[PDB]
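Coming up is one lone chain in structure tokens, specifically the form deposited in one PDB entry.
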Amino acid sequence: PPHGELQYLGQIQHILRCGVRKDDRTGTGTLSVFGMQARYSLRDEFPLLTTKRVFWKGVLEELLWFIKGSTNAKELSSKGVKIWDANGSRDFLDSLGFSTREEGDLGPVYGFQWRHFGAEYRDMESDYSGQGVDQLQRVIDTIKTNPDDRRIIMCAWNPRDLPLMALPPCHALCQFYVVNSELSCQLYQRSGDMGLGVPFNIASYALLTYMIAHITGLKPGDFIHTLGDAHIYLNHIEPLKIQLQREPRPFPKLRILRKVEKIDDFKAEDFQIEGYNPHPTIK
């Protein structure tokens, strides 16, 4: 059976051949294609890319960080994941006109949008309980009660709250699907970096599907990755050409060590990645 990561490497190939030059916000050149799709099976394996190492502690800890509804970068930083700190810095906030915000306040980012959507945002330490729509829980509720529902969605894109946040959501929305007791998830990503960010994103929503599947007593199905703007930076072309030559090694497996009945109740210790042996790194 064809390895799943080939789908990903195949998209790298398509961008090289058929991609065209396009500049990003900073004027940095990229080779870009508009619209793409990839399917990764979550059945008895976890699509964690083996041709280049993926940052798992970042994926796991960031997802738990989303579920807590935390907009505070410091709360994630204290766990060892620094990826959101740059956008929460005192200097960066001031440049955006946010000067009245304490350091670490990212605005109404993913965490806020997931649990509290529609609510009026003020600051990272405020209590939003009962305010706004809880999408994450409505998703879990709907999957339990009405699995045939076509309408299951979690949307982080809020035109109202856009100017209030550091950077707009890269994850626009995701849809869930249930058939024959299998839970599938499709993500719509407006933009992604195939060489840097995309592998990380695949891991996140694969993990999310695993988590929700556990709560709802379902088996992980396929994960569909939809990309609005698929691009590779021109500085990554050759090192990617080398990565393409590498043969993908078998995906690891993800284990939930205990039984969890609530999405909020998940802890980082409950997750174990076994059998993950990626290729060496590259410079």
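Numbers follow the displayed sequence, beginning with 1. In this text, the rigid core denotes the largest set of C-alpha atoms whose superposition between the two forms falls within 1.5 Å.
A fit on the rigid core, followed by a root mean square over CA positions in 4 other deposited structures of this protein, ranks 48 to 56 against 240 to 248 and picks 240 to 248 as the more shifted one. Structural divergence in 4 other deposited structures of this protein between 33 to 41 and 231 to 239: following superposition by the core, 231 to 239 has C-alpha atoms lying farther from the shown form. Of the other structures of this protein that model both sides of residue 199, every one gives it coordinates; not a third omit it. Among the other PDB entries of this protein that were compared and that flank it with modelled residues, residue 177 is modelled in all, so it is never left out in a third of them. Averaged over their C-alpha atoms, the temperature factors of 128 to 136 and 190 to 198 are higher for 128 to 136. Per-stretch averaging of Cα B factors for 257 to 265 and 6 to 14 places 257 to 265 on top. Comparing the listed residues 142, 181, 204, 78, the entry records the largest Cα B-factor for 78.
Out of 210, 110, 117, 92, it is 92 whose C-alpha atom has the highest B-factor in the PDB entry. Sorting the modelled residues of the chain by their CA temperature factor places residue 122 in the highest third. Residue 247 sits in the highest third of its chain by CA B factor, as recorded in the PDB entry. Among all modelled residues in this chain, the alpha-carbon of residue 60 has a temperature factor (C-alpha) in the middle third. Sort the chain's modelled residues by C-alpha temperature factor and residue 101 lands in the highest third, per the entry.
In the PDB entry, a CA B factor belonging to the highest third of its chain's modelled residues is recorded for residue 84.
A second form of this protein, the form solved in complex with a partner chain, is not displayed here; the remarks below concern that form.
For the chain shown alone, residue 169 is a contact residue for the partner chain in the entry with it bound, at least one non-hydrogen atom being within 4.5 angstroms. Residue 83 falls outside the set of residues with a heavy atom inside 4.5 Å of the partner chain in the entry with it bound. Interface membership of residue 210, defined by any non-hydrogen atom within 4.5 Å of the partner chain in the entry with it bound, is ruled out. Put simply, residue 205 is far from the partner chain in the entry with it bound: not one heavy atom of it is within 4.5 Å.
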